[PDB]
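Just the heavy atoms: all of them, side chains too, but no hydrogens, waters or symmetry mates, feed the values below. Note that the numbering runs from 1 along the sequence shown for the chain.
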Amino acid sequence: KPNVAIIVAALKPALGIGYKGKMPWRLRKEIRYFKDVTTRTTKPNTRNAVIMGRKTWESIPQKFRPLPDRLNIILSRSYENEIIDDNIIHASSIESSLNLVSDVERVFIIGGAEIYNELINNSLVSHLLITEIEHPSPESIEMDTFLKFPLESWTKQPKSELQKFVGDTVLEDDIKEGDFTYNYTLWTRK
Ligand SMILES: NC(=O)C1=CN([C@@H]2O[C@H](COP(=O)(O)OP(=O)(O)OC[C@H]3O[C@@H](n4cnc5c(N)ncnc54)[C@H](OP(=O)(O)O)[C@@H]3O)[C@@H](O)[C@H]2O)C=CC1
Ligand SMILES: COc1cc(-c2ccc(C)cc2)cc([C@@H](C)C#Cc2c(C)nc(N)nc2N)c1
């Protein structure tokens, strides 16, 4: 079984990720980081998979779906475990989707809230790619959906380990867009 990882961007310290079905920020560089990391592979003729909840899939703009160069896995409790096309798979669970995929190097859980909060405690998930976002006044930002992540049982890895994981991908420190400041982090289980 290939390595599964959670990729998310959240605002400290309450780890908020959204407000009424949409993200409370537009971080141009973070968006680019998300695309490169979930797309790049190390071995030839392989591709990564992106697993998401049905609601997240529907929120993605028509021309951006499915996410290009990646296998899109959409999760719903009403779906049968079946391959829709070359890039789209419907599944009722992550373990069921892993049995249908082929030539998949890395798997990335990309949201949303219900998906994160109920897969963070799944043994299949071994890595957390959290983009920690800081703001002068976090409470000033409208938020209603948060992450229920027990980071207590996780360990913040050194930047060098994240660099190894992302390869030649540029990792900048304290990226400042507007009033937001963020960093890319890698987490592993205790
Ligand atoms: N900052 C970030 O990195 C990101 C933030 N977000 C935020 O997340 C929010 C949306 O989250 P949310 O509304 O929870 O949407 P989700 O993507 O989590 O959709 C939830 C749906 O997924 C399906 N599902 C949930 N759990 C399971 C399971 N265990 N097995 C199979 N299917 C399951 C269900 O589909 P069904 O009802 O059909 O059975 C459910 O309705 C937005 O506000 C957005 O801003 C999202 C992505 C990234
Ligand atoms: C609301 O419509 C959306 C659009 C995109 C999207 C579409 C195209 C491109 C090039 C980049 C992102 C992604 C999303 C969701 C799936 C996400 C995300 C996510 C992020 C942006 N960063 C990090 N770090 N983790 C994530 N899961 C929703």
Side-chain angles (χ1 to χ4, degrees), residues 2-9 23 27-112 115-116 118-131 154-172 175 182-189:
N3 59 329
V4 185
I6 287 176
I7 188 164
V8 61
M23 295 167 64
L27 306 169
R28 306 295 296 271
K29 298 170 68 64
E30 209 295 321
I31 287 170
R32 197 149 46 211
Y33 170 87
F34 168 81
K35 185 175 58 296
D36 302 345
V37 173
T38 59
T39 298
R40 71 168 295 272
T41 52
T42 61
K43 300 168 188 172
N45 53 56
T46 61
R47 61 168 179 173
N48 294 333
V50 288
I51 310 180
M52 77 200 83
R54 177 187 52 82
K55 291 180 179 177
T56 299
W57 163 263
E58 296 172 0
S59 69
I60 301 171
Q62 295 286 337
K63 59 174 60 179
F64 294 118
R65 43 175 279 192
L67 297 175
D69 313 325
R70 287 155 286 179
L71 177 53
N72 289 229
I73 303 176
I74 301 78
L75 292 180
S76 166
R77 307 174 190 280
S78 62
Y79 291 157
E80 293 288 343
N81 299 315
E82 56 195 16
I83 309 172
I84 305 304
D85 61 39
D86 296 345
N87 303 311
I88 307 171
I89 293 175
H90 292 155
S92 57
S93 64
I94 56 165
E95 35 276 324
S96 297
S97 62
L98 270 54
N99 295 354
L100 295 169
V101 298
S102 59
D103 302 355
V104 171
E105 183 173 332
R106 297 183 302 184
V107 179
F108 292 94
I109 293 166
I110 66 174
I115 297 297
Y116 293 129
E118 307 304 329
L119 289 178
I120 175 66
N121 301 325
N122 192 306
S123 56
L124 281 65
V125 176
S126 60
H127 288 87
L128 302 182
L129 287 75
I130 311 169
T131 298
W154 290 84
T155 312
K156 189 192 186 73
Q157 295 296 132
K159 186 184 177 183
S160 66
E161 297 297 311
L162 176 63
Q163 189 69 66
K164 181 183 178 180
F165 193 92
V166 301
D168 294 344
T169 305
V170 172
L171 293 174
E172 306 174 60
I175 303 177
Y182 57 96
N183 287 286
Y184 308 117
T185 67
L186 181 65
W187 299 71
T188 57
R189 299 185 181 274

- Message: Could you go through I6 and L129, starting from their C-alpha distance and side-chain angles, then the distance that decides it, and tell me whether this counts as side-chain contact (heavy atoms from CB on, under 4.5 Å)?
- Response: CA-CA 6 Å; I6 287 176; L129 287 75; over 6 Å; no
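- Formation of a donor-acceptor pair under 3.5 Å by the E30 side chain with backbone atoms of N183 is not found in this model.
- Atom OG1 of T169 sits about 12.5 Å away from atom CZ of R32, to the nearest 0.5 Å.
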- Task: Starting from the C-alpha separation in whole Å, work towards a yes-or-no answer on side-chain contact (heavy atoms from CB on, under 4.5 Å) for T188 and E161.
- Result: CA-CA 11 Å; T188 57; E161 297 297 311; over 6 Å; no
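- In this structure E172 satisfies the side chain to side chain contact (heavy atoms under 4.5 Å, CB included) test together with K29, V170, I175, sequence neighbours excluded.
- In this structure, CG in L98 is found 9.5 Å from CD1 in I89, a value given to the nearest 0.5 Å.
- The side-chain heavy atoms of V125 and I120, taken from C-beta on, include no pair separated by under 4.5 Å.
- Listed here is the closest heavy atom pair of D69 and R47: O-CB, 4.2 Å.
- Atom CG of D85 sits in a crowded spot, with more than 12 heavy atoms from other residues, nucleotides or ligands closer than 6.0 Å.
- Not counting sequence neighbours, the partners of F165 by the ring-ring contact (aromatic ring centres under 6.0 Å, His included) test are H127.
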- Task: Decide side-chain contact (heavy atoms from CB on, under 4.5 Å) for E95 and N122; before the verdict, give the C-alpha distance in whole Å, the side-chain angles of both, and the deciding distance to 0.1 Å.
- Result: CA-CA 10 Å; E95 35 276 324; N122 192 306; 3.8 Å; yes
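- Contact between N81 and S93 at its shortest, heavy atoms only, is OD1-N, 4.5 Å.
- Side chain of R54 to main chain of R77: no donor-acceptor pair is present (N/O by atom type, distance under 3.5 Å, no hydrogens or angles).
- Atom-to-atom distance recorded for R189:CZ and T155:OG1 is 10.5 Å, nearest 0.5 angstrom.
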- Message: Under the criterion side-chain contact (heavy atoms from CB on, under 4.5 Å), I'd like the reasoning laid out for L67 against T38: C-alpha separation, chi angles, the key distance, then a yes or no.
- Response: CA-CA 10 Å; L67 297 175; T38 59; 5.9 Å; no
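- Residues satisfying the side chain to side chain contact (heavy atoms under 4.5 Å, CB included) test with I115, not counting sequence neighbours, are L75, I109, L119.
- For the pair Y79 and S92, the tightest heavy-atom approach, listed with the atom from each and the gap, is O-CB, 3.7 Å.
- Rounded to the nearest 0.5 Å, atoms CG (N72) and CH2 (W57) are 5.5 Å apart.
- With sequence neighbours excluded, the residues forming a side chain to side chain contact (heavy atoms under 4.5 Å, CB included) with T41 are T46, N48, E105, listed by chain and number.
- A search for ring-ring contact (aromatic ring centres under 6.0 Å, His included) contacts involving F108 returns nothing, not counting sequence neighbours.
- Around atom NZ of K35, more than 12 heavy atoms belonging to other residues, nucleotides or ligands sit under 6.0 Å away.
- Under the 4.5 Å side-chain criterion, counting only non-hydrogen atoms from C-beta, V104 is in contact with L71.
- Atoms OG and NE2, on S96 and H90 in that order, are 14.5 Å from each other to the nearest 0.5 Å.
- In terms of heavy atoms, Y116 sits closest to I7 at OH-O, 3.1 Å.
- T185 pairs by the side chain to side chain contact (heavy atoms under 4.5 Å, CB included) definition with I130, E132, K156, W187, not counting sequence neighbours.
- Separating the CG atom in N99 from the OG atom in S97 is a distance of 8.0 Å, to the nearest 0.5 Å.
- Nearest heavy-atom pair, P68 versus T39, reported as atom, atom and distance to 0.1 Å: O-OG1, 4.3 Å.
- Judged by distance alone, the side chain of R106 and the main-chain N or O of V37 form a donor-acceptor pair under 3.5 Å.
- The shortest heavy-atom contact between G111 and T56 is C-OG1, 3.4 Å.
- No donor-acceptor pair closer than 3.5 Å links the side chain of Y33 to the backbone N or O of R28.
- With a 4.5 Å cut-off on side-chain heavy atoms, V166 and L186 do not count as touching.
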